[PDB]
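This document opens with one chain alone, in structure tokens, the form deposited in one PDB entry.
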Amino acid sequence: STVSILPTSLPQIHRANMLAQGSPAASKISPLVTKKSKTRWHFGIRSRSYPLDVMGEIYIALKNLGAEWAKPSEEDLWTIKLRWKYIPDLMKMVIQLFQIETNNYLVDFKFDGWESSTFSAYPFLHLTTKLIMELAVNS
């Protein structure tokens, strides 16, 4: 076949041909180097405080943002079943506190549907962004 890569299109040859001609830009302009850092992903947010303290910070943040929640029982103290105002108008969330290490806890956030296989998490993601920011300020 006669399918090829045009050699003069490759950066190394193009640069060299511009340098050989004499144009100053050849020395001064450098190629774009996009350093793509390996992003570390985590579920939810970590806290170094202790259970009752953490749960207290969350509820305070929830209250100031205008959310409502169900009364928890003794078997599910570390679970928040909340509703947020933001066609169904009220978004449901489940927030769960987990223990990692002795001094380390993870706050898990879960979308739980709407109240009046194919769905958008973006309204959920937007609200959690507000919640994480509200929490970061109070700290």
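Start at 1 and count along the sequence shown; that's the residue number. Shifts are known only where both forms have a C-alpha. Between two forms, the rigid core is the largest collection of C-alphas that superpose within 1.5 Å.
In what follows, reference is made to the form deposited in another entry, a form of this protein that is not presented.
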property	result
Yes/no, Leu125 Cα shift of 2 Å or more between the shown form and the other one with rigid core fixed	no
Shift of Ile29 between the shown form and the other one at or above 2 Å (CA, core fit)	yes
Runs in sequence order between the shown form and the other one, three or more residues long, with CA shifts of 2 Å or more on the rigid core	1-34, 117-120
